[PDB]
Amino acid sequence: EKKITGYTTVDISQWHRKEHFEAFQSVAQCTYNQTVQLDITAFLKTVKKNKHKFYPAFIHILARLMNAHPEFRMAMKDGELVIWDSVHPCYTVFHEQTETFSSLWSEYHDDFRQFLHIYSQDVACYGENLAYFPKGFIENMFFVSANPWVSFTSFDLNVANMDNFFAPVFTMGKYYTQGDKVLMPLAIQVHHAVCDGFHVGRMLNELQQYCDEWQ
């Protein structure tokens, strides 16, 4: 019948980043991309040993991180800075016949068995649907762009209006063999009003960790 999404109102005055947030909202406002050559040698072997698809498995890791730190779940409600209780993955699906992509969001759960079941359900449903947003918008989401075409050494998302655009964006490239290691390009872009080099740094470090500890 109905569902409500939860948030937390943050008073800037009590926040240790009050002066930074005020600056990257006005004078110093900027977004930044960064690309890493992620090692997924262990993440590939374990995914392939199991009856699993790479894409939703990696999605889950990302969402897990995104639901681990409040600096990623920030948005502007009614002119007020808030933190979502949870943030759901918006991922891209490619339609081979028409050469277009579509974006659909799955509901997030910590449990991987549960998340894949919701994912498969959404992809078995809207997977062949030609609409740009088969399910539509949801206030509390982050984005994952699949780029299986290019093993990129760089990726930069360059938006025209970045005002209040706090939702982080992942782009993942074509993985490849290098020595005894299998690496996958990963790009992350964020707003500086909500994310410092440190915030994105520890997440990307934990991103390596999780890709070396099962699904």
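Residue indices: 1-based, along the sequence shown.
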Of 40-48 and 158-166, the one with larger mean CA B-factor: 40-48
Between the two ranges 187-195 and 15-23, the one averaging a larger CA B factor in the entry: 15-23
Residue 67 - Cα temperature factor, lowest/middle/highest third of chain: middle
Chain thirds of CA B-factor: placement of residue 94: middle
Chain thirds of CA B-factor: placement of residue 148: lowest
Entry-reported Cα temperature factor of residue 105, expressed as the chain third it lands in: middle
Chain thirds of CA B-factor: placement of residue 141: lowest
